[PDB]
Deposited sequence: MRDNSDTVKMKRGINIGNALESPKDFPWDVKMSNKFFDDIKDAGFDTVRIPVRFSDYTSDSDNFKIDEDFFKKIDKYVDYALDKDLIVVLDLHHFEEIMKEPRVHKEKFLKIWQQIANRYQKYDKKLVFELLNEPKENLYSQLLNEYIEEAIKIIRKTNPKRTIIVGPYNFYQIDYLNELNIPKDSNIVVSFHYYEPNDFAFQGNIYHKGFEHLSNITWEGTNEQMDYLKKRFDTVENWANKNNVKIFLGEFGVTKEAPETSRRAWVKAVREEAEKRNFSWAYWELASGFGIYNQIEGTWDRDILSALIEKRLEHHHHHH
């Protein structure tokens, strides 16, 4: 089912009192669907909207999530609900374990009767102090809570260090048949992130090219070999949940990189979701509702 997706980034994963540059709109889902995408990933920073007692998600904000999820699902889109930018659990995971479990208890109970096309992604890009031994422990507990009401909804988990390929070997695959494993790919970092302010240490890079040389193509293929081999041994489908290039990158390289990465994902039966619809990595004009044909052609022929 899942194949061609796109992230609505820098939107609902913003901090609670500083919204970012993309305002979620139902028209997005109409244009996402009409462009040929079958999946939409929705980052949501639920952690910024909780009772800080039972960790009750702000009902007003939760009704907003109902708004967009319902609309997207009603357009026959696969919706990945993604717990994004849970920052404090990365700093002090043991202090925020319970808040993490209760957050997902509410999501699982509130959407238990929703269409199969709604997918749960537990925790985007674990990092810092939420290392694998703790990450695995929390994922197992969260999956057992969700399964009490959603025995069969697809659940997406990812490895430590920003969903990094190199940490798949530490990810414990749950003994659950409805679980997708996700990695993110932005290699090389300096090319993909160049000029983006939301990327610490990459805002001042300039004019870095990706020409698809033989060693550049060999590198990309070798990295995807690692994920496929790991996926083959553990019997799990792989979701390239994030990949993309900033708008500041040279046009030709940006298109070639996105084309090559998308092609590698499909060649190995990876589902994928382009990183970002209308922001600094965007390929879509939120004001006009028009697509960047150059990059869109790289994703969907």
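Taken in order along the deposited sequence, the stretches absent from the coordinates are 1 to 8, 61, 311 to 320.
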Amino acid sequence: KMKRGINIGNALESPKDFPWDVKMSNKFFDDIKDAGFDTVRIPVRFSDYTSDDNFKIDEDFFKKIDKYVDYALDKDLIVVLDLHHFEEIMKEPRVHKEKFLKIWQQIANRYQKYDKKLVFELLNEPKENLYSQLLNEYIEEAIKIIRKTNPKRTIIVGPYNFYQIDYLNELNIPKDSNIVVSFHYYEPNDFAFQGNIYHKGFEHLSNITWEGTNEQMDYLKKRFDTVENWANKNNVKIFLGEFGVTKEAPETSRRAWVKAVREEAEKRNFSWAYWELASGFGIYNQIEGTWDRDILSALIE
From here on, numbers count along this sequence of modelled residues.
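When the two stretches 60 to 68 and 241 to 249 are set side by side, the higher mean Cα temperature factor goes to 60 to 68.
In this entry, 144 to 152 has the higher mean Cα B-factor, the comparison being between 144 to 152 and 116 to 124. If you compare the C-alpha temperature factors of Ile89, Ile173, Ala192, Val79 in the entry, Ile173 comes out highest. Considering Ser177, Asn129, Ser182, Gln164 together, the PDB entry gives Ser177 the largest C-alpha B factor.
In the PDB entry, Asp17 places in the highest third of its chain by CA B-factor.
Sorting the modelled residues of the chain by their CA temperature factor places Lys233 in the highest third. Ranked within its chain, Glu203 lands in the middle third, by CA B factor from the PDB record. Compared with the other modelled residues of the chain, the Cα B-factor recorded for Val95 ranks in the lowest third. Annotation for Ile197: C-alpha temperature factor in the highest third relative to the rest of the modelled chain, per the entry.
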